[PDB]
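Here the Cβ is made from the backbone with ideal geometry for all residues, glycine too, and neighbour counts use every protein chain on show. Just so it is clear, none of the values below were taken in a lab; they were calculated from the coordinates.
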Number of protein chains: 2
Amino acid sequence: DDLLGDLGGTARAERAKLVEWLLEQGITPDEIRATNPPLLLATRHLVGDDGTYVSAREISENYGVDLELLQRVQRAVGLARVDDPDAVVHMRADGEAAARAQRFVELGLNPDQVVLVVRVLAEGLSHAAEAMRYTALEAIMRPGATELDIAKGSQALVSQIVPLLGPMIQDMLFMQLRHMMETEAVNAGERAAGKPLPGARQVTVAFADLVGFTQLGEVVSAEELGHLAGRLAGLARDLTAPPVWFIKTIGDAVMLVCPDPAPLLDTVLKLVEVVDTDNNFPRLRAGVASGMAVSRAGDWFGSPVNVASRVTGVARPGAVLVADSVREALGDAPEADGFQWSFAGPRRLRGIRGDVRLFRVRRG
Amino acid sequence: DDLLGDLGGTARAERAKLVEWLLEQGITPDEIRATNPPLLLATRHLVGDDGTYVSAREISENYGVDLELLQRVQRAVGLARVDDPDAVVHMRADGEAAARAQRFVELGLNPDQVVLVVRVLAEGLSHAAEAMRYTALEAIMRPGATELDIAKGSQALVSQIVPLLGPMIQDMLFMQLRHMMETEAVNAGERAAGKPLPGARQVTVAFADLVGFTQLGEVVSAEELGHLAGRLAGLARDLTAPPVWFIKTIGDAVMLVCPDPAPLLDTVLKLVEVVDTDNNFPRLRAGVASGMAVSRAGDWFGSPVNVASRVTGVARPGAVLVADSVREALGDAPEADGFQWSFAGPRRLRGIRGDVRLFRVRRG
């Protein structure tokens, strides 16, 4: 029509049949032109978008929130930064969602702490929106498919799993909320001081990372490499069980941290030994350190972390390598231990004044 | 009573008065002993926990999910790994939450893709449960406070902001869902192939990182350092606005990635120049590279990322440093540009066969 321009052949053929199927689904000829590819414009009117887009300012008149606060959550959301209130860009449903921030401040909450939740939430949730957008497609897309084939199948699917998400995620938050766990605690020293966070806790932190990964991907493909690292991520994610925390991955490397060494110390040991079995991986090295560190919403800072990070840089393939920090964090093992300490020699790290008495560890 | 053992003085005094205030709030003498500190046992019966804990197996009889699938979401949740079904450890409300996974598989979804959402969700949500647990405390805790003072104030507060969360987060998911954005797209090549994910996209990726950070914390405290990095994190988080993505921080460093260089290229430039103003920071170096990379739920893999990472290792303080990859990703600037290219010389990276023609860039 007045729309499907530059495209040629079967590419052009299909988009036509699809496009008509959309003007039926109540999608404006602009709306299509307003997004490319336009397949899931069908499926987008299912999760909110009504076609009505609204102005930053008037989200305020309508719903009843302060403009300056609204504006700073709209930016904290992780998204479509406009500066100017009067514009009519923002889509209506994203307004009503951002207007929900006011009642929280109104109830006595720091508008800056309130913005932190609004942010951290919308980053951890965008990362889920990836796993969801894609989980849907494994179940629709087989090769050889027309644009309309996907839309139709998607369209039907989402519109069945959609009512499931609202209640599902709430339950998921409260679960994570009521179990918000063990060193979250603020004891007397931190409670008398009137500190709302916790401060530095004494912990062992460890990193395990795949050897040569960085010119592995200069040979293997991005998706190969990507998937490869992803395997190890989930490989680690299920040898770790409370009391140890799998805190994050940093692409190729994995960072785990727990209060006392044994649990962590063994979990790293087990994992590097597992990887030494499985032959898709190049083998792991791990570095371990112990000391004073503070947790700030999923990341750890402190000097254990800097020196575990540096130790793994120097670890050999196969080897779990260990700072003296953790040799003593264990201290006088109560009765038996089950580790094999094998003094590695003092090694002068980079960034560290003094040098570190390092230690190889093995199982059994 | 039969409870407040080892404690001495005003430490012991307060816990008593508190504890009594709890047996009133319908908290069992075991329940208290079952968690220490026990302040928020009050506040925990507000977000789910009824006092009834249930068995892994019978979550199945009751709610109607398969045991093996249940078990693998209970482990994917990020939490309390039991192996044995018959045990009565799991608390009831965490059952009903995990039982919600079945209807999703039942609707035609990969039980393994379903587990990925269940995981990614409960990691990004635990990270929010931190910002929430703490946001509450800024608003309660002042110094000089008794255990009962916090409980009482918390208890009242949560029980007001609790009905707000259910509806608030749903709206937050759909917002992130309906806006699930631009290179998420799978075009013809990736759609004909029948690939549910997207594959390697051509992008510029950049890292900016604070100089000397690693023996900064060998002098300054964990919480100082931690906060310091956190400042820069949010400092970056608001100079970045679509079309560029602030993907993650790795403690001290920040990683941002966008399809075309200019936006990213300038955002890094602006930020390192801002930091060069503010005097709490040591100054930034940034590294930038361009090429083929795949996004796998919030992380990027590919060789741009490996070589941007390596370039920043070699960048000087103040300097945004740049690979040839991006010199051309820009290519024939359409009309004007606004950057100052200042060839840095070829530098042999670590992990990279060949060496890279590097390039300093400045504003104006």
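Worth pointing out:
- In the calculated pair-distance distribution of segment B:190-272, the portion above 18 angstrom amounts to 50 percent of the Cα-Cα pairs.
- Helical runs assigned H by DSSP (4 residues or longer) give the protein assembly as shown a calculated mean residue ellipticity at 222 nm of -14000 deg cm²/dmol, each run adding -39500 (n - 2.57) before division by the residue total.
- To the nearest ten degrees, helix B:303-314 and the longest principal axis of the Cα atoms of chain B are 80 degrees apart.
- Label 7 Å beyond Cα on the Cβ vector: A:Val220 copy-to-copy distances, nm: 3.8
- Kirkwood Rh and Cα Rg combined as Rg over Rh, evaluated for segment A:9-180: 1.02
- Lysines whose Cα lies under 17 Å from that of A:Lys17, excluding same-chain neighbours fewer than 8 positions away: A:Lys152
- Sequence-separation-based contact order of segment A:207-364, relative, with Cα cut under 8 Å and 6+ spacing, percent: 21
- Inter-copy spacing of B:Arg33 label points, which lie 7 Å from Cα along Cα→Cβ, given in nm from shortest upward: 7.5
- Qualifying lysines (Cα of each under 26 Å from Cα of B:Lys270; at least 8 residues distant if same chain): B:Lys248
- Measuring nothing but how far apart in sequence close Cα pairs (under 8 Å, 6+ apart) lie, relative to its length, chain A scores a relative contact order of 12 percent.
- Value of D in µm² per second that Stokes-Einstein yields for segment A:181-364, Kirkwood Rh from Cα pairs, at 4 °C (1.567 mPa s): 76
- Distance from the A-onto-B rotation axis is smallest for the Cβ of the chain A residue given, in whole Å, as A:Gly124, 1.
- By the Kirkwood approach, averaging reciprocal distances over each pair of separate Cα atoms, segment B:290-364 gets a hydrodynamic radius of 13.4 Å.
- Electrostatic tally near B:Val211: other residues with Cβ closer than 12 Å to its Cβ, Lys and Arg +1, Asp and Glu -1, net 0.
- When only the Cβ of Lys, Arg, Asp and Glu is charged (+1, +1, -1, -1), the dipole of chain B relative to its Cα centre reaches about 1680 debye.
- Isotropic mean projected area of the C-alpha convex hull, segment B:240-343 (nm²): 7.0
- At 1.306 mPa s and 10 °C, Stokes D of chain B from Kirkwood alpha-carbon radius, µm² per second: 64
- Eigenvalues of the alpha-carbon gyration tensor of the protein assembly as shown, scaled by 5 and square-rooted, set the equivalent ellipsoid semi-axes at 39, 34, 27 angstrom, largest first.
- Helix B:126-138 axis, angle to chain B major axis (alpha carbon atoms, nearest 10°): 70
- For segment A:102-187, the alpha-carbon coordinates run over 60, 30, 20 Å along the three principal axes, in decreasing order.
- Between B:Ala87 and A:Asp278, the simple spin-label model (points 7 angstrom out along Cα→Cβ) gives 2.4 nm.
- Seen against the Cα atoms of chain B and their longest principal axis, helix B:67-76 is set at about 60 degrees.
- Relative contact order, whole percent, for segment B:9-180 stands at 27, derived from Cα pairs under 8 Å and 6 or more residues apart.
- With a Förster radius of 45 Å applied to the C-beta separation of A:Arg357 and A:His227, the computed FRET efficiency comes to 0.70.
- Inter-copy label distances at A:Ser342 (7 Å, Cα→Cβ; nm, one decimal): 5.0
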